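Only one chain is given next, in structure tokens, and it is the form deposited without the ligand.
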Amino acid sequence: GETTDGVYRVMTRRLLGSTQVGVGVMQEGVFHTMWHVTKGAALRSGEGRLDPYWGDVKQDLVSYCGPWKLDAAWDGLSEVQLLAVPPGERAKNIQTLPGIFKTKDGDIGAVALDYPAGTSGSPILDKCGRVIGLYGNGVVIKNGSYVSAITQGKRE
């Protein structure tokens, strides 16, 4: 299958027609997406198969073919870009200054951008093009708008 680094759509033919359920990142031979997109199921890439390797429901992350490779972090000051990949639409970069999710276990960056559910797993990047996390696990605030955490895994 295709193992070239980059951003990929995650599709299914189980529902009506071909439906985009999410997005992911291929880096260093490992496919990275959010757990809620695949539910830990195996994936196809052309004629090849990608098996899950690590996952965690609470972090809402999953890696295929190897361990989680993404380790860049938001610096807490600079604007970032969401590389949104919406269903049936071309990949597009959106620049934004993240907000913060404050939790009892520390603070996490958060992006206030609203895209269809099928955009979950789209990468958020810093100015060097490094992936600092994935978009698509967040909350709906007072005025009904969506705010996603910048969700990043640990590189063992």
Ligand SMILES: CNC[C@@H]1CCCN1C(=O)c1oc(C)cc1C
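One rule holds for the numbers: they count along the sequence shown, beginning at 1.
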139 to 147 versus 7 to 15 - which carries the larger mean C-alpha B factor in the record
139 to 147
So, looking at the entry's B-factor column for Cα atoms, which has the higher mean, 106 to 114 or 35 to 43?
106 to 114
Lowest, middle or highest third: where is residue 92 by Cα B-factor in its chain?
highest
Ranked against its chain, the third holding the CA B-factor of residue 127
highest
Just say lowest, middle or highest third for the CA B-factor of residue 100 relative to the other modelled residues in its chain.
highest
Using the B-factors in the PDB entry, rank residue 29's C-alpha atom against the chain and give the third, lowest, middle or highest.
middle
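Separately, the form solved in complex with the ligand exists; it is not shown, and the next lines address it.
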Result of superposing the ligand in the deposited bound form onto shown chain, 2.4 Å backbone or C-beta criterion
open
So which of 29, 40, 129, 46 gets a non-hydrogen atom within 4.5 Å of the ligand in the deposited bound form?
40
Relative to the ligand in the deposited bound form, which residues of 45 to 60 have a heavy atom no more than 4.5 Å away?
51, 52, 53, 54, 55
